[PDB]
Structure formats: structure tokens, C-alpha cells
Amino acid sequence: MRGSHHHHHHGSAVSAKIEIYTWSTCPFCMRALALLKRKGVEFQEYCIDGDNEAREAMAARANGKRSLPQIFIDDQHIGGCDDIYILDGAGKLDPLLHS
């Protein structure tokens, strides 16, 4: 297959799984989104506007928390908008996304 291929035993190529639960018009959710979008990372947004079930699903994963947003990286619970910004401020976010 013609091209410049990288070898290092990746086998099956997968990248970090990045997830965010949101309300579309939540100013905190929007701030969190801006941040990831700024990084250029690939992520999945679970926009649960008016969805009671999904909030419950969320809470199950988010340590009982129903506040928004809720962020996850490689199935690790990161937390809310606050949390991710603190991580970025400390130089800790990029190693997770990761680089």
C-alpha cells in the first residue's frame, strides 16, 4: 500500500475515546466544547437536551452526578467544564487526548 506508514505494533488502530454529555445551550457545555474543538481532537457529543433517560445513564457513569457537562477520556471520568479547564491550565489535558 503506497505511502509513508508508521510501524510500532499498533495492530488495530484506535485513538483516545473522548466523550462529552451536554445540553446544546448550556454555557458550561459550550465552553467545554470550544475547548476540545480548539484542540482539533476527535470526539463524541451526547447531546441529551430534554432526555431524562440519558441523564440517568449519564449519572450512572458520572459518579451519580447529573450536572453538565460530563467528560470522559478513555472511559476515565474527567468531570465538568471546570475540571477540564483546570487540567488544561496545569498542563495535564494534552497528555490525555493525548498530545
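For each chain, numbering begins from 1 and proceeds through the sequence as written. The entry may number the same residues differently, and residues missing coordinates are not shown. The side-chain figures draw on all heavy atoms in the structure; neither hydrogens nor water molecules are used.

In its metadata, the entry names X-ray crystallography as the structure determination method and reports 2 Å as the resolution.

### Describing the sheet that holds strand β2 (residues 44-47)
Rules: Any two strands are treated as partners once DSSP identifies two or more bridges connecting them. In this description a helix means any DSSP run of H or I spanning at least four residues, a strand means any run of E spanning at least two, and both kinds are numbered starting from the N terminus. For helices, the fitted line uses only the C-alpha atoms of the stretch in contact; every axis is such a line through C-alpha atoms, and the angle between N-to-C directions lies from 0 to 180 degrees. We call two residues in contact whenever any of their non-hydrogen atoms come within 4.5 Å of each other.
Strand order across the open sheet formed by 4 strands is β2-β1-β3-β4, with mixed pairing between neighbours. Of all strands in the sheet, those bounded by a partner on one side alone are β2 and β4 (76-79). Averaged over all neighbouring strand pairs, the angle between strand axes comes to 20°, with direction disregarded. By the bridge criterion, 4 bridges tie strand β1 (residues 18-22) to strand β3 (residues 70-73) in an arrangement that is antiparallel. Within β3, the residue paired with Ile20 across the bridge is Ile71. The sheet strands contacting helix α2 (residues 52-61) are β1, β2, β3 and β4, and the helix crosses β1 at an angle near 130°.

### Observations regarding the nonpolar core
Generally speaking, nonpolar side chains in soluble globular proteins are found buried as a group. Selection rule: Here the nonpolar core consists of buried residues drawn from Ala, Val, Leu, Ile, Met, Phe, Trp, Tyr and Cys, with membership extended through side-chain atoms lying within 4.5 Å. We call a residue buried when its accessible area falls under 20% of the maximum for its residue type, exposed when it is over 50%, and partly exposed in between, using a 1.4 Å probe and counting protein chains only.
Counting residues in each nonpolar core, the largest one holds 14 residues, and the members touching the most others are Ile18, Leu36, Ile71, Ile73, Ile84, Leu93 and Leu97. For this core, the secondary-structure elements that each account for two or more residues are β1, α1 (27-39), β3 and α3 (81-89). Counting residues per element, this core draws most heavily on α1, at 4 residues. For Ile84, the contacting residues outside a window of four places in its chain are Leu35, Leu36, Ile71 and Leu93. Residues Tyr21, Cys26, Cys29 and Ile48 belong to the second largest nonpolar core, which totals 9 residues.

### Focus on the environment of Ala32
With respect to the element layout, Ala32 can be found in helix α1. Once the C-alpha coordinates of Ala32 and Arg55 are considered, the two residues, 23 residues apart in sequence, prove to be 18 Å apart. Sequence-distant contacts of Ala32, defined by excluding residues within four places in its chain, comprise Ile20, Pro69, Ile71, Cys81 and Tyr85.

### Thoughts on the packing of aromatic side chains
Our working rule: Think of it this way: a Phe, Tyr or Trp ring, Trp meaning its six-membered ring, pairs with another when their centres are within 6.5 Å, and the plane angle makes it stacked under 30 degrees, edge-to-face over 60, tilted otherwise.
By the definition in use, this model includes 2 aromatic pairs. Their ring planes at 65° and their centres at 4.9 Å tell us that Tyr21 and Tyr46 sit as a pair that is edge-to-face. Of this pair, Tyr21 sits in strand β1 while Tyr46 sits in strand β2, and the two are 25 residues apart along the sequence. Overall, the relative accessible area of 8% leaves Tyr21 in the buried class. A relative accessible area of 27% means that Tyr46 is categorised as partly exposed. The interplanar angle of 70° and the centroid separation of 6.1 Å between the aromatic rings of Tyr21 and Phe72 together place this pair among those described as edge-to-face. Taken together, the residues span a long stretch of sequence, with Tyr21 in strand β1 and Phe72 in strand β3 at a distance of 51 residues.

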